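*Asks:* Have a look at this fold, sequence not included:
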């Protein structure tokens, strides 16, 4: 065949999100969520410290 | 001006196809109501951020 | 009669202030409906008994 | 996108509070105050007509939250860093003969078609931002509002019985009332919550006959606007005991003391916050009077 | 990277030098006992056009526990309006209830 | 005797009927109501305004209150510090008046 | 076994405020 495409698994877009956090803030009430939902809203909120 | 050129060029040729990969399915009870409407079943296992 | 005295005296002087400590927040789905109404969000991490 | 007939006086824009818990329209809460007079006098002078020239309209990227911000600053609880042009330079735009930036009903600023959000009349807001943009000047050295003279006004305006004391003078009145622990602040936030614009956009528009009819309608919403606001400045505030009931006592209701620390019984202006409130009053007052 | 005034002025027309403005918003209030500062800070360089465009959201932190700090952004709707696909392929936003 | 007794006989009878002599905790021992227009924490109204007020009412030791506490430690660094200037003459020091 | 008796009192921990180095509000 002719490799006119590459099948990749989880694609990587162009633009992304990059966050800088002042590292001294940190609400102390700790929010822990369902183990499963901690997997969906897993990275999202984590990146979003 | 040129960083802009090769890049337009890269987008110009991103000949890559996609394959569903290690998706998972949680069903209601497992996860929250709020997130749940958002989810329509079998969300990709390696999610993103949003 | 005296056990009663020093104690009234202790209560007499319990000059201690409080600091929210290691509270946690679980949100709905995590815990039960019954308990959940009872809980108004971020219950103290080191609860009591009641 | 609705017209007028009076912007307030229209459901969504109601002004209520908390009377230790209930609501009651402010007029109802201010009728629970008492003034011991005390030497001096508060000879009102003349608000120096505004600094006509307003900040240059800079596009800037974003959604300037204005109702919320203007108020967070006026009677907030600490607005960290008020006056920053950023929010006003942008608010200036709205003051042009033709633009896209529509002032979103909820209290914001958008572009082209805001979409969904039912903004204000484009004309009303036009006359509005005309003056309240200048508000983004109070920061700069040559435009400061010069506040202690202005508080003279706040007073015969707030307390001072109608007519009688509405004749230029009156004694500083030390104000007190039956409160309910953490009363002043709890009350202020019911107000931070309030929808101000609705009040101003209407204040800076309504023709002339209608304008007076309106002045009377919010005589109280307005007095209430600054009662909580003036206490930010008034010197000492303590609780006077009575007979089981407590009575919050306020140092002097009219004599701004230019205090900047952080009390507990009330709000507290950082220094620069006075720079802001002082200026905001200059405008509302020049306007209230006409 | 410290640009000094001498350089801003004599830099060759090409060289595109990196500058770096302050974030300012996330600085915590100075104490109530912090020894007063005597002499002012002076700042010179300003950006003539609106910088920060790359900015998606900014100031993710409570003010006094409910009010949004001033200058805080919150993400734009369009950046999570994931709508269908056209009668072809081009993916378009969600109608606004008017097709 | 037994006044200290809060509840007693926590066990099923035949799997539904309460064994005789079993107590179950008193309502007031979990009626955690507001705070007055001052500070004193009182019970929940009974739908007719105002309430007992633990202490200013019966004795039902209640076990749940609204305790108000400080959001976070109160004595953390930044200890006040004043500069002191002493007069420079100890011979031209008014002292008079009053 | 021979049916034992048992008592338990209700625990109690009151550590003395752990001074933290992190604000949590701007």
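*Replies:* Everything's here; your move. Numbering: from 1, shown residues only, chains lettered A, B, ... in the order given.

*Asks:* From now on I want contacts and neighbour counts done on CA atoms only, so please keep to that.
*Replies:* Will do.

*Asks:* what ranges do the strands span in chain B?
*Replies:* Along chain B, counting by DSSP state E, strands occupy B:16-18.

*Asks:* Close to chain A: what parts of it are there?
*Replies:* Contacts of chain B with chain A, taken as C-alpha under 8 Å from any C-alpha of the partner chain, map to B:15-21, B:26, B:30-32, B:35, B:43, B:46-50.

*Asks:* Going by neighbour count, which of those residues are buried?
*Replies:* Neighbour counting with 16 or more other C-alpha atoms under 10 Å in any protein chain shown marks B:31, B:32, B:46 as buried within those.

*Asks:* Out of those, flag the one nearest to chain F.
*Replies:* Closest approach to chain F among these (C-alpha to the nearest C-alpha): residue B:32, at 28.8 Å.

*Asks:* most remote residue from chain E's center?
*Replies:* Distance to the chain centre peaks in chain E at residue E:87, reaching 37.9 Å (criterion: C-alpha atoms, centre = their mean).

*Asks:* for the residue most central in space within chain A, what are its contacts?
*Replies:* Ranked by distance to the mean C-alpha position of chain A (C-alpha atoms, centre = their mean), the top residue is residue A:43 at 3.1 Å. Going by C-alpha atoms under 8 Å, 6 or more residues apart in numbering or on different chains, residue A:43 touches B:47, B:48, B:49.

*Asks:* By proximity to chain F, which residue of chain E wins?
*Replies:* For chain E, C-alpha to the nearest C-alpha, closest residue to chain F: residue E:33, 5.2 Å.

*Asks:* In terms of helices and strands, where is that residue?
*Replies:* Using DSSP states H and E, residue E:33 is not contained in any helix or strand.

*Asks:* for the one 4 residues further on, same thing?
*Replies:* Here residue E:37 sits in a region with no helix or strand, counting by DSSP H and E.

*Asks:* Residue D:177 too?
*Replies:* Assigned by DSSP H and E, residue D:177 falls within strand D:173-178.

*Asks:* Now do the buried residues in the longest helix along chain A.
*Replies:* Secondary structure of chain A per DSSP state H: the longest helix is helix A:42-47. Of all the residues in helix A:42-47, those buried under the rule 16+ other C-alpha under 10 Å are A:42, A:43.

*Asks:* swap in stretch D:44-53?
*Replies:* By neighbour count on 16+ other C-alpha under 10 Å, the buried set for stretch D:44-53 is D:44, D:47, D:50, D:51.

*Asks:* Chain E: helices as residue ranges?
*Replies:* E:5-10.

*Asks:* Near chain G, which residues of it are found?
*Replies:* By C-alpha under 8 Å from any C-alpha, the residues of chain E that approach chain G are E:26, E:27, E:28, E:29, E:61, E:62, E:63, E:64, E:65, E:69.

*Asks:* Mark which of the residues you listed are buried, thanks.
*Replies:* E:26, E:61, E:63, E:64, E:69.

*Asks:* which pair in those residues spans the largest distance?
*Replies:* E:26 and E:64 (13.4 Å; C-alpha to C-alpha).

*Asks:* if I look at the two, which residues touch both of them?
*Replies:* Common contacts of residue E:26 and residue E:64 (C-alpha under 8 Å, 6+ apart): residue G:26.

*Asks:* So what's the residue count around the residue in the stretch 1-150 of chain D that chain G sits nearest to?
*Replies:* Nearest to chain G, among the residues of the stretch 1-150 of chain D, is residue D:80, at 7.7 Å (C-alpha to the nearest C-alpha). Residue D:80: 20 surrounding residues under other C-alpha atoms under 10 Å in any protein chain shown.

*Asks:* I figured it hits residue E:29, correct?
*Replies:* Yes: because the distance of 7.3 Å satisfies C-alpha atoms under 8 Å, residue D:80 is recorded as touching residue E:29.

*Asks:* Check the contact lists of those two and give me the overlap.
*Replies:* What both residue D:80 and residue E:29 touch, as defined by C-alpha under 8 Å, 6+ apart, is the set residue G:26.

*Asks:* Contact partners for the residue at minimal distance from the centre of chain E?
*Replies:* The centroid of chain E falls nearest to residue E:52 when counting by C-alpha atoms, centre = their mean (4.5 Å). Taking C-alpha under 8 Å, 6+ apart as the criterion, residue E:52 is in contact with residue D:61.

*Asks:* Next up, phi/psi of residue D:239, please.
*Replies:* phi -100, psi 130 (degrees, to the nearest 10).

*Asks:* tell me the SS of residue F:35?
*Replies:* Taking DSSP: H, G, I helix; E, B strand; the rest coil as the rule, one finds residue F:35 in the coil state.

*Asks:* before we move on, what about residue D:187?
*Replies:* Using three-state DSSP, the structure places residue D:187 in helix.

*Asks:* was I right about it contacting residue D:21?
*Replies:* No: when contacts are counted by C-alpha under 8 Å, residue D:187 is not listed as touching residue D:21 (9.9 Å).

*Asks:* who's more crowded, the two?
*Replies:* Per other C-alpha under 10 Å, whichever of residue D:187 and residue D:21 has more neighbours is residue D:187, with 17 against 11.

*Asks:* can you tell me how far the more buried one sits from residue A:34?
*Replies:* 38 Å (C-alpha to C-alpha, to the nearest Å).

*Asks:* got the contact list for residue 47?
*Replies:* You didn't pick a chain, so chain A it is. Counted by C-alpha under 8 Å, 6+ apart, residue A:47 has contacts A:19, B:49.

*Asks:* try again with chain D
*Replies:* By C-alpha under 8 Å, 6+ apart, the contact list for residue D:47 reads D:149, D:150, D:282, D:285, D:286.

*Asks:* With chain C as the reference, measure out to the spatially closest residue to the last one that is not a sequence neighbour.
*Replies:* Among residues not flanking residue D:286 along the chain, residue D:47 sits closest, at 6.4 Å (C-alpha to C-alpha, 6 or more residues apart in numbering or on different chains). As defined by C-alpha to the nearest C-alpha, to the nearest Å, residue D:47 lies at a distance of 48 Å from chain C.
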